[PDB]
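If you read the protein sequences in the order shown, they are chains y and 2. First residue of the first sequence: 1, per the deposited numbering; consecutive thereafter. First residue of the second sequence: 1, per the deposited numbering; consecutive thereafter. All residues carry an ideal CB built from backbone N, CA and C; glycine is no exception. What follows is a short report on a single structure.
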Amino acid sequence: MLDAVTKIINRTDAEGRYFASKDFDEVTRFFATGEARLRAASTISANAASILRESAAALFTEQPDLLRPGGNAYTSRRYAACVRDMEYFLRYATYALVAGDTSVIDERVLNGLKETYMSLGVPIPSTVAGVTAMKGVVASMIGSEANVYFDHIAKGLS
Amino acid sequence: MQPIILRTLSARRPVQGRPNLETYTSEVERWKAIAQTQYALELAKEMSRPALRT
Ligand SMILES: CCC1=C(C)/C(=C/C2=NC(=C\c3[nH]c(/C=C4\NC(=O)[C@H](C)[C@H]4CC)c(C)c3CCC(=O)O)/C(CCC(=O)O)=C2C)NC1=O
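Shown next, in the form of structure tokens:
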């Protein structure tokens, strides 16, 4: 995986050049926002259980048919797999928020997830709706700082 | 005016205050729970129907 600084390093290395003024400006901008991102990550970590609880509540309030018999979230096992997926999304979005780069989501989350969901019959639009509900919860909790990362997960499924 | 007429007789009730109703409140809560169960059973019957068969 990469973070923002390693991404800038790779960008300057592909061109075979030392860091210039713009590169140092970008790295400084990343360092300046680090305290805020760490605060957001700690805030998410402190309330991960409650975020997950109310995110699943929102998802299954919007689409009750998933819980009903014949729905893709009807069994103890499939409900558990669903909330485990949402917990994965929250944790890896927090990782990406700390890193400032989405490569952790590509490496650890979207490595065959869309194929898995199409194979198992998991409804992708419902999963994106749940991811969006969690994005809204986290945004109301800490602000817009993490929205993009959740959108990334959505774009990996859509 | 010399008949004995009594004006201000004391009342039956005692001077104390109202006894507390915690045990009565508990039994009322029990009745509430019993009544809630009979509606929750119907709504639960609704919850266990299949998903997309409207
Ligand atoms: C750490 C990285 C990681 C991810 C991302 C991950 C997701 C993931 N979810 C899976 C299944 C699943 N995923 C879901 C969740 C869906 N149910 C729908 O109703 C919802 C819309 C939606 C979630 C919001 C369900 C129900 C299953 C079970 C599928 C089945 O057994 O038929 C599977 C197949 C194997 C298994 O069930 O354990 C994977 C690999 N696993 C991982 O190790």
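Who are the neighbours of residue i on chain 2, taking C-beta pairs under 8 Å?
i	result
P125 (chain y)	Residues of chain 2 passing the Cβ test: none, with the nearest at roughly 14 Å.
Give a yes or no on whether the C-beta atoms belonging to residue i and residue j are separated by under 9 Å.
i	j	result
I153 (chain y)	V131 (chain y)	yes
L67 (chain y)	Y117 (chain y)	no
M1 (chain y)	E145 (chain y)	no
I142 (chain y)	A40 (chain y)	yes
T102 (chain y)	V148 (chain y)	yes
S126 (chain y)	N72 (chain y)	yes
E54 (chain y)	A129 (chain y)	no
List the residues of chain y that residue i touches, going by C-beta distances under 8 Å, in chain order.
i	result
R49 (chain 2)	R68 and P69
Run down chain y in chain order and give the residues with a C-beta less than 9 Å from the C-beta of residue i.
i	result
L52 (chain 2)	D65, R68, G70 and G71
Check the C-beta distance from residue i over to residue j and give it rounded, since I have them as a contact under 8 Å.
i	j	result
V98 (chain y)	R37 (chain y)	6 Å
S48 (chain 2)	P69 (chain y)	7 Å
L52 (chain y)	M86 (chain y)	6 Å
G100 (chain y)	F24 (chain y)	Not confirmed; about 16 Å, so no contact.
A133 (chain y)	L90 (chain y)	Wrong, their Cβ atoms sit about 11 Å apart, outside the cutoff.
>> Quick test of the definition: if touching needs 3 or more C-beta pairs under 8 Å, does the stretch 27–44 of chain y touch the stretch 86–102 of chain y?
In response: Contact holds: three or more Cβ-Cβ distances are below 8 Å.
> Are three or more beta carbon pairs between the stretch 54–72 of chain y and the stretch 37–45 of chain 2 nearer than 8 Å?
Replying inline: Judged by Cβ distances under 8 Å, the stretch 54–72 of chain y makes no contact with the stretch 37–45 of chain 2, as fewer than three pairs qualify.
>> Between the stretch 120–130 of chain y and the stretch 72–82 of chain y, can you find at least three pairs of beta-carbon atoms closer than 8 Å?
In response: Short answer: they touch.
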